[PDB]
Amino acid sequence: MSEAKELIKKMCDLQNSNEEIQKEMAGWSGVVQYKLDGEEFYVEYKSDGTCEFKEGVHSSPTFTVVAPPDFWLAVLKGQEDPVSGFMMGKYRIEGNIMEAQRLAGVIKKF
């Protein structure tokens, strides 16, 4: 495993055993697909704040993070920022269903 992948897996383990992280994560559901120099893995995020780390490619992810592994590691360690990094084009993102879901939620309320 790349260091980034190893660390994502570690974060999932911490999340799944830590009630406080789960509370903070609760309320959102999605699958985040990673592709780091062709290394494929994903994290299923459940509304109860738990998650599942899986190998390979999920059939319909919420979005895919296509990032060089050394950059993503730096991000995971807080040496780079996903937002400014994205604004600079230091990685890319595929998929817009999350925006569709947001629009649906807003309109639902009226």
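Numbers follow the displayed sequence, beginning with 1.
Of the two segments examined, 77 to 85 and 61 to 69, it is 77 to 85 that shows the higher average Cα temperature factor in the deposited entry.
Remark: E99 belongs to the lowest third of its chain, ranked by C-alpha B-factor as recorded. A26 sits in the highest third of its chain by CA B factor, as recorded in the PDB entry. Sorting the modelled residues of the chain by their CA temperature factor places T50 in the middle third.
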